[PDB]
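Just so you know, structure 1 and structure 2 below are the same protein chain in two forms, each on its own as structure tokens.
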Structure 1
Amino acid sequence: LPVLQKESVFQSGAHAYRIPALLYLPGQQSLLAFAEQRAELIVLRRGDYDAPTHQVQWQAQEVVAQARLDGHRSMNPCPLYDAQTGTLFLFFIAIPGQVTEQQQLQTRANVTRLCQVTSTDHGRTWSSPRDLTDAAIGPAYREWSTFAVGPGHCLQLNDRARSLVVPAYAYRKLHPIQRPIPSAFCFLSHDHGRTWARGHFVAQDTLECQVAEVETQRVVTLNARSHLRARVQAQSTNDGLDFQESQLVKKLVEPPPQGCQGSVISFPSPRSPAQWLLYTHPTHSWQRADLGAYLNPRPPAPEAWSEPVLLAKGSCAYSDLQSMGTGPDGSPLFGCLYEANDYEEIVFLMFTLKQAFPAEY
């Protein structure tokens, strides 16, 4: 398909950059591109949408120095823009850089921390890190071996409270001998991050997931990575606290046996339903290759997913999507950050709905 922009924003022959996260700032009309740099830290590149040239002008890479705990590796950048306050949240995971004394005695001891840094100046400067572990997870902490959030952008609902929903997953130590099994879930806050609730797990063996909100009443749809041949999806009518039965979305392939992370976002319908969904993920049946974009015009119905349009041929892995307002051709504008070329780079792609799905126009 034709695109407005395609450029590598992170590159490393040593596969130093992985796990992309993209965040669009609607007022500034800018993007924040985050990635993990292998202790492991989170880096960022700011990019302004230059209307006159309809191109994002990426600035110099910088380390998010605040997004780190002493003696810990930082990973899984999970950004969010709070439309009510304008504040930016960068949630992330912190794990000890070396085996701890506790782990020497208990191999599966949980030593993973949930953290956040916030910005009130559009991401130029960040607050000192805040450890949300105890407040968000509580007594369930010891029942897991580790957990993570995202990766990729989180969600803010259009409910009265403008609730924050952070997609996550935990490796549950259910069997003393058998390896911990991961299950996806959501963290939910109705007060802009002051308090948090941990939602119930969806089906077992679900990893990295992302959530979006759509009209159908408003529901939260969770799209997760699986070890099966298809993606796993579930919907919640209570902001992610409880999900209805998980479903296999056969139209969205997953390459076994490991699967791959994918991204999903909602955007205003270009036409009965209020929102449509756009999702990106590799399209090869058993390899992480051929990144494709899929559309769901009647979300989140599993059977409504479109055939994918190829965004990039070849090696492609993890990706993150963001809607960026209206494009130069009048149709919705999108930004996508994805891993490519055997993890040697993270590429930024910008395209419109009209470019990707011409049949719609």
Structure 2
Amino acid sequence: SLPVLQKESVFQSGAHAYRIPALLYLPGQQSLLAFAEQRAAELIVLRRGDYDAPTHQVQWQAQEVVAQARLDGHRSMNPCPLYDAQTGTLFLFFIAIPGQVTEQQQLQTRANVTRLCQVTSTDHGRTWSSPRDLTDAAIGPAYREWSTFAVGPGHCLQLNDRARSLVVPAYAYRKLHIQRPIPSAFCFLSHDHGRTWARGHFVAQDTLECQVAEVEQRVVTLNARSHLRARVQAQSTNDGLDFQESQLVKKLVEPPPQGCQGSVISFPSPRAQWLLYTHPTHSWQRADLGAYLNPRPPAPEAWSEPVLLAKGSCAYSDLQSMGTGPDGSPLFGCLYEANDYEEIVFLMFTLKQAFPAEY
């Protein structure tokens, strides 16, 4: 597999199990915040890491529970971090669900009991505020038309528009017809730095967990998990409110079962931005994590062949652009589930290492 600057297990099954990673880079701090669900999904945990370029390594501090990221009598899941570069505030969106509830029970029961929450930190994640239940104000009446919903999982997005809008990728299971609820991706939008929220319009049916990135004029690309053999990709020219164009990207395979979550980010093109995406590449199972490059975003056909990042069992992942790397090329940080969900691995590499022919 691809030569990397670092490969370290940051979460391991012990007294608890860990899944659903989220990664967030704090530019001015040369540090990363790695989030995950601590399952018996009861709570969300976090580990802070300081990146030292001279040693090509990130030093990870002790794991800590995000105590405030929970509602009484509920399980917390789907950590979705975001850093507001204008207010200096760190956001951690997440979903809370009643304890007396499971997952399969959520998908179809026609009774939505899922809550949308957020906690903020003004000291780089050291301490957090009390949770804010955004459910009613951010969703509205539509709430009753869904069996359930979720955000991310994974890092969110802040646009370079006038308002420096906050965009939270998400999806809802909607009771459309004698069938089972059908999932459609969408984005929660805020133009006042998380003060108030609005629900964006749905993308094509049969799209789940997704992530968004901003490209160059201004377009928001959405990459979503689907129930088909390929990923679904959509574009928005109005900051996420509407995702007009939408299509299957055959080049980006989805494992047989129900597919698998993937990650996507934009980063400064070496030559304004290029995209990077990570997801299992095995056509019959969740294995062999691959990195894909799109140097002519968002063109679906411009997606490249995947480069092998890690062999073996691999699932969910999250990416973060970490600025300039040791070799002068774009540096990347990646967090992914591995070995039948026995751990979550941190991987750090550069564009030169992954796509030598494009740098």
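Think of the rigid core as the biggest set of C-alphas that the two forms share within 1.5 Å after superposition. Counting starts at 1 with the first residue of structure 1 and goes up one by one along its sequence.
Q: Would you mind telling me which residue of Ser128, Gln98, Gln102, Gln287 shifts its Cα by 2 Å or more between structure 1 and structure 2 when the core is superposed?
A: None of the others reach 2 Å, which leaves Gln102.
Q: Taking the rigid core as the frame, how far in Å does the Cα of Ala14 move between structure 1 and structure 2?
A: After core superposition, the C-alpha of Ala14 moves 7.7 Å between structure 1 and structure 2.
Q: Aligning on the rigid core, what is the distance the CA of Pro257 moves between structure 1 and structure 2, in angstrom?
A: C-alpha displacement of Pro257 between structure 1 and structure 2: 3.2 Å.
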